[PDB]
Structure formats: structure tokens, C-alpha cells
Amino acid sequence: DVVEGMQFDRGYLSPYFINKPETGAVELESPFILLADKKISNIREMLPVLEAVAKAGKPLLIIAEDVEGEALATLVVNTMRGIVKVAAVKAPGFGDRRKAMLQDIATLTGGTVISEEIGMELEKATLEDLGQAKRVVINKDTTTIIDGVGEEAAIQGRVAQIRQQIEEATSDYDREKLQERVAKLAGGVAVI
């Protein structure tokens, strides 16, 4: 049976991002998606991004190692007040797998991971670094990215690389987790 969007096992970091109260979900239409390999806690570090998104008139999904402290509190308050349109979730997975799956999302959605591991600054992130998708649906336990806008050639090149990893894997556990990555990418592609 077809895979319906890329879905991963992390849900909203706050119930106040919910914008569909009757179903208990966040539904974002045509959102930009900020991917970052760090915990975000300084609200002043997010201003450039929040500002770019506001001009473009689109909601924002944040996927980061975590979103906490002042940054999280300001996004929650400002979402409740209707000043911003944002939702935040943790990146799925652990260790290297977390990083691999963040880049899988980047590729699917045309975005660039904001990586402090290579010296990137969240504060210099632009609109172009953000991924985009037709929609995102978040509930307590999962996030589903639908129709990523990434280039097909780049999504298939990422799949092919994963399939090489599967051939070269000796662990069934490891093999199953690589297979699951493939299925999520294929589920996230925009068809029609």
C-alpha cells in the first residue's frame, strides 16, 4: 500500500501549537521548514528566520534537537496571541541516525540543515535554507510532511545512497532502519 507522506515519531513540543482543536492537531499549509542540528533556546538567534518567514506569509515548522527555554516560551506565547504561525518538534532518532534523518528531510524538502557541527549559524539562515512542503500535520506523537518540494533527482540520489547502505549492511536491525528511511522518503514525494 502506498506511503502517505513522510511521517516520523515526534509530535508537537507544545499543545499550544494545535490549530485544529477538534482533532488535537497542528495543520500547516505550505509551510517553510527550519532544520537544525542543535537545541534552540535563544529567541534572538531565531529572529532572522522568523522575520523572513513572516514576510513570505507562510507558517513555519521547526525541526531541531530541541526547542526550549526563552525560544520555546516566546513561540508559544506569540502563537497563542496570533502574532506568529509556528510549530516545533524534535528531530527523530539518536546519534548519527538523527543526523542522517535530518538530512533526509532536508533533501525531501529542498532545505539545508543548519549545522553548528560545521560552523553554520542559525542566525545567518535564509529563506533558501528552509525546506518547504505542501503540508505538515502534527499531533501528540508524530509529524507527517506531505509533498516535499525537493528536486526529484536529489531525492532519488539520496534513496540510491541509502540502498547502497542496505546492500552493505550486515545487521538486520540496521537494515530495517535503512529500509524505513527509504519508505519515508518515498512517502514524502510530491506526486500528481
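Superpose the two forms; the largest set of C-alphas matching within 1.5 Å is the rigid core. From 1 onward, residues are counted along the sequence shown.
- Put simply, when the other structures in 4 other deposited structures of this protein are lined up on the rigid core, the C-alpha atoms of 119-127 lie farther off than those of the other stretch, from 119-127 and 143-151.
- Core superposition of the other structures onto this form places the C-alphas of 71-79 farther off in 4 other deposited structures of this protein than those of the other stretch among 104-112 and 71-79.
- In this entry, 161-169 has the higher mean Cα B-factor, the comparison being between 24-32 and 161-169.
- The stretch 40-48 shows the higher mean C-alpha B-factor when 59-67 is compared against 40-48 in the entry.
- In the deposited entry, the Cα temperature factor of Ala153 places it in the middle third of its chain's modelled residues.
- In the PDB entry, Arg175 places in the highest third of its chain by CA B-factor.
- The entry lists a Cα temperature factor for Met6 that places it in the lowest third of the chain's modelled residues.
- When the modelled residues of the chain are ordered by C-alpha B-factor, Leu130 sits in the lowest third.
- In this PDB entry, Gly110 carries a Cα temperature factor that places it within the lowest third of its chain's modelled residues.
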